[PDB]
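Two forms, one chain: they're shown below as structure tokens, one block per form, named structure 1 and structure 2.
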Structure 1
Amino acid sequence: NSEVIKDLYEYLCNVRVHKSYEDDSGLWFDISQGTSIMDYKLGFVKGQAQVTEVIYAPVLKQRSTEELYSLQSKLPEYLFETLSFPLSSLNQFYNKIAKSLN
């Protein structure tokens, strides 16, 4: 019943979040954002200076040629490359993706 809550996030934020199927470290996440969809991964890297770094890796296979073509039009270039940023900038990054898709 934390599942009815999961469905609420999904309606509210237009994003599905799952633990990475291929990964087992508990650090990788499959993310599905869209209303016109963009799939990607988020990796969480800490240690070092003890501040969490977020890696973003775009996932393109589940895209038809037509979806892909649609995204190339409305998404900024950098969303098609692997990125790296502080956890604190993560929401703003989510916001970028949200606007780009709308």
Structure 2
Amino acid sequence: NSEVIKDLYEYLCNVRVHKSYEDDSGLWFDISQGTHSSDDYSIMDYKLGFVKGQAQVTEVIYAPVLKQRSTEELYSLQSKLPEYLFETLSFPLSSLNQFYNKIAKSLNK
């Protein structure tokens, strides 16, 4: 049942959370967002971490996973996405949905 549901989150929200694990820095997820003319797809893969920062407030880390992407894929990404999404970012937990929506709207251009 959990896999039918993950499939639905993929088609409803254009995102898949592949796995989650807890390590020495915090709680992590491996994520891909975007959509699949059959050559037209726009996808970003990233790690998302939830870490205790100052005062034990959970901060979010975004780390894009760009090593295996081709130059053609990166050019397309860079033409759709804001420049900050090509480096590691930190942002407040309260901005998490805004972050998702920024990538989503950008990928859907």
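Note that the rigid core is defined as the largest set of C-alphas that superpose within 1.5 Å between two forms. Sequence positions of structure 1, starting at 1, serve as the residue numbers. Residues that one form lacks are left out of the comparison.
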query: Shift of residue 25 between structures 1 and 2 at or above 2 Å (CA, core fit); finding: yes
query: Large Cα move at residue 47 between structures 1 and 2, threshold 2 Å, rigid core; finding: yes
query: Inter-form CA displacement between structures 1 and 2 at residue 85 - rigid core frame, Å; finding: 0.9
query: Cα displacement of residue 65 between structures 1 and 2, core-superposed (Å); finding: 1.3
query: Regions shifting between structures 1 and 2, defined as 3+ consecutive residues whose CA atoms all move 2 Å or more relative to the core; finding: 18-26, 46-51
